[PDB]
Structure formats: C-alpha cells, structure tokens
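These notes are about the structure you will find just below.
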Ligand code: HEM
Ligand SMILES: CC1(C)[C@@H]2CC[C@@]1(C)C(=O)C2
Ligand SMILES: [K+]
C-alpha cells in the first residue's frame, strides 16, 4: 500500500521502493537495492511506501547528509515514522553536542582494549563450534554458527545468561526485520522491560561487565541516570545480536558458491584481512536514516522540515561512481570505498569487535572445513530491512576432505 503523494513532492521524483520488501529480492538483497542506482533513477527519490519518505541513492549524497547533522537529525532515524518516533536509543537518537559524551562510555565497553582481552575466548569459541560441526558433514549455518558465535561473545562480555538469547534475538529481530507480530514501540518496551531490574541490580555492585560499566558510568563527569543507562544498554544489545550475525551468513553464502574465491583464501591466508574489507563492501547490509530539522534545498530538491530520508549505508560502496564493477568481489581491489560502518559523528562503535569476529571466522572455518556448498536443491531466502539478513543457510560437505586441528 502507498501513501498519498504530499503536495510538496514533485511527481517526477517518485520511485516506489519498499525497503522491507523490495520487488527484486529473489536475486539477492544487495542486487534488489541496487536497482535504485540505475541510470534512469535520480540521485534523490521519493517512495510512497512505508508511509512516504525520501531516499538518497548515490554515495556522494549519502556521505553529505551523514556529515550535516544540523539539517539531517538522528532524533528520528527509522522508517516507518512511528518506529522513528519511538526510537530513543543512546547514542544514535542524539545529535552533537549532546551525543558525544555517551560515545566515550559505549566505546569503553566494546573498544579495542576490550577486544584484545577477549581474543582467546573469541578464538576458542570459533574453534569449539566449528570442530563440533566438522564430522557431521552438514549444518544450518545461521542457527549453528552465525547466531551463537557472535551472540555468545556479546552475552559473555555483557554478563547476561545464555538462556536469554532466544527471547532477546526475537525482540531485536522485530526492530530490524519485523514479522508483523510486534510494532517497533512494543519490541523496544519489552527490551527495556528486560533491562530495568538488571540495571538496578548492577548499579548496586560496581563490576567489570559491560552493563555494570555503563550503569555506573559518568558522562562528561556526571553520574549516568538509570534511564540513560537503559537506553544505552539496549542499543548495545541490538548491535550485538543483529549486525555480525547477518553479515556472516551473507559472506558464507557467497563463499559456498564461489570456489575460486574460497581457493584463493585457502592458499594465501594472508589475504584474509583484505578479503574481509571487500566482503564488507559487497555484502553491506545496514540502511537507516535521518529526519529534516528545517526546510532545506538539497541537490535541487526542496525538502520540508519533518520529512524523513533513508540514507542507505549499504549503497555507497555499491555505487559504480565509487567502485568500478561494484557487484564483482575482487579481493585485490585497490581502493575499497564504502560506508558499511556509517559516516559522520555516528561512526560504528563496534567495528573492531566486528572485524575480529569476521577474520577469526574466515581463518578457523577455512583451515578445517575448506570446501562446502549449499545443500542440494535449496534456494536461499533473504529478508530486507534496517539490517538485511539471510533467513536460512543449509551447508554440506564431505567430512573426509576436512582437517582436524
Ligand atoms: C558487520 C557489523 C556491523 C555493521 C555493518 C555496523 C553498522 C553500523 C552503522 C551503519 C552505524 C551507523 C548508524 C547511524 O548513523 O544511524 C552503527 C553505529 C553503531 N554501532 Fe555498529 N555495526 C556493526 C557491528 C556493531 C557491533 C558488533 C556493535 C556492538 C555493540 C555495534 C554497536 C554500534 C553502536 C553503539 C552504534 C551507535 C554509535 C553512535 O550513534 O554514536 N556495531 N553501526
Ligand atoms: C543501525 C544499527 C546497525 C546501529 C546499531 C544497531 C542499529 C540497528 C542501530 O539502531 C544503530
Ligand atoms: K525518536
């Protein structure tokens, strides 16, 4: 269903893209979104789907908007408008000057000194999961690795019981790829409901886990409130449960159809960090946005105050103007240009954690299970949203070709 065209939007900019169900999804998520960059399509379009919002389609405009926070505010960053109004997570729902103080604390708990201390646990979990899959000759990758590997590391780091993973994953799923069973406002309230007793517990006893450090924190030298801590801990949960989980499956789906690319990493394992960077461009998967604070002319188009604008982080690196032949994976690409981890003052805080988990996954999977493919006759289903995902990934291999380490 389409929302009526607002009077102030020129009819010739209308392109009805549905970000939660793009029309070409069967060809792949990123391919479905890349129809926005055909030569007939302008740099700035209006979709009447999902209540009606702008979409910037080129990397040049996506970067400009994310730098200019005084016109493009993160107070309402999700589409549909109801979701963006309920969205109050910290730091992303704040602009500078208020935003920067909370970043320091969030950085403190997923920052690089934390990741170095976790190296053995990351490595031993990756090996423990993979060695337990190897003699089976089959897995459901999303259930059996992509979810438990990054999510158990995050629950360990935050100090939360592993038994709570299915309830929490379902709620964060409803905030990024909704089912229809919950609105965003309801999923958010249920996740706040979960954190409220935990946060009051850990403000009593100072501690080393990520919730304690946030709940006992100061921001620009003043005590963080219980409510501010709730809104920051919830955002950490969403990042920990949704991003790497889904990115891993996209990568592994590609490697399972691309033996040429598999073989390249098997023989030259020191290409792995670079391949990580080029998989992150090709299979970029986040797309959120901003809301206009004032009437503003932007690349010839008159935006009204309160218009929402989708600024898909995913599209910048798929733009041919930023990377030649963008849909080819080329692990020796010379200048890998992308905005997979965002742009501007809201640059991703967990990218050190993310990169370690991806590189450890590629290294430990390929040395033990070098060859695998998609289970015969299965077609991989995808789902699009704020964070796009792979719905299921059946893999198979012959265990006689594996290597026990
Ligand atoms: C492949 C993995 C990941 C991707 C693609 C990714 C992507 C992004 C993007 C695009 C943004 C900017 C959104 C905006 O400007 O509105 C962001 C911000 C953020 N991310 Fe990541 N992320 C990843 C991993 C993680 C992980 C594992 C965490 C763990 C907590 C995390 C925590 C955060 C936080 C807290 C912010 C908000 C920063 C702020 O608003 O100042 N991210 N991420
Ligand atoms: C867009 C994100 C990837 C980033 C971290 C979690 C996420 C869904 C957000 O709401 C901000
Ligand atoms: K809001």
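Computed from the coordinates by the stated procedures, all read-outs in this text should not be read as laboratory data. Note: ideal-geometry Cβ built from the backbone for every residue, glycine included; neighbour counts use all protein chains shown.
Determine, for 236, 129, the number of other Cβ atoms within 10 Å of each Cβ, and report the residues in order from fewest to most. Lowest to highest Cβ neighbour count: 129, 236. Each eigenvalue of the Cα gyration tensor of the range 237-348, multiplied by 5 and square-rooted, gives one semi-axis; in descending order these are 33, 16, 11 Å. A straight line joining the Cα centroids of the range 10-58 and the range 313-350 runs 19 Å.
Computed from the C-beta positions of residue 260 and residue 26 and an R0 of 22 Å, the FRET efficiency is 0.40 to the nearest 0.05. Computed extension gain for residue 193 through residue 208, at 0.36 nm per residue and net of the alpha carbon distance, reaches 3.1 nm. Per-residue extension of 0.36 nm, minus the Cα-Cα distance of residue 156 and residue 274, leaves a gain of 39.6 nm for this segment. Note on residue 218 and residue 163: the model spin-label points, each 7 Å out from Cα along the C-beta direction, lie 3.8 nm apart. Put in line by how crowded their Cβ is, counting other Cβ atoms within 10 Å and starting with the fewest, 155, 112 read 112, 155. Legend: ranking of residues 73, 337 from fewest to most surrounding C-beta atoms inside 10 Å; resulting order 337, 73. The Kirkwood radius of the chain, taken over pairs of alpha-carbon atoms, gives through the Stokes-Einstein law at 25 °C and 0.890 mPa s a diffusion coefficient of 111 µm² s⁻¹. Taking every Cα-Cα distance in the range 58-134 and sorting them into 10 Å bins starting at zero, the pair-distance distribution P(r) comes out as 15, 27, 25, 22, 10, 0 percent.
Only DSSP H runs of four or more residues enter the estimate; each adds -39500 (n - 2.57), and after division by the residues of the chain the mean residue ellipticity at 222 nm equals -13000 deg cm²/dmol.
Globularity index of the range 16-94 is 1.19 (Cα radius of gyration / 2.2 N^0.38 Å, N = number of residues). Between residue 136 and residue 330, the modelled label-to-label distance comes to 3.8 nm, taking each label 7 Å out from Cα in the direction of the beta carbon. For the chain, averaging the sequence separation of C-alpha pairs within contact (under 8 Å, six or more residues apart) and dividing by the residue count gives a relative contact order of 25 percent.
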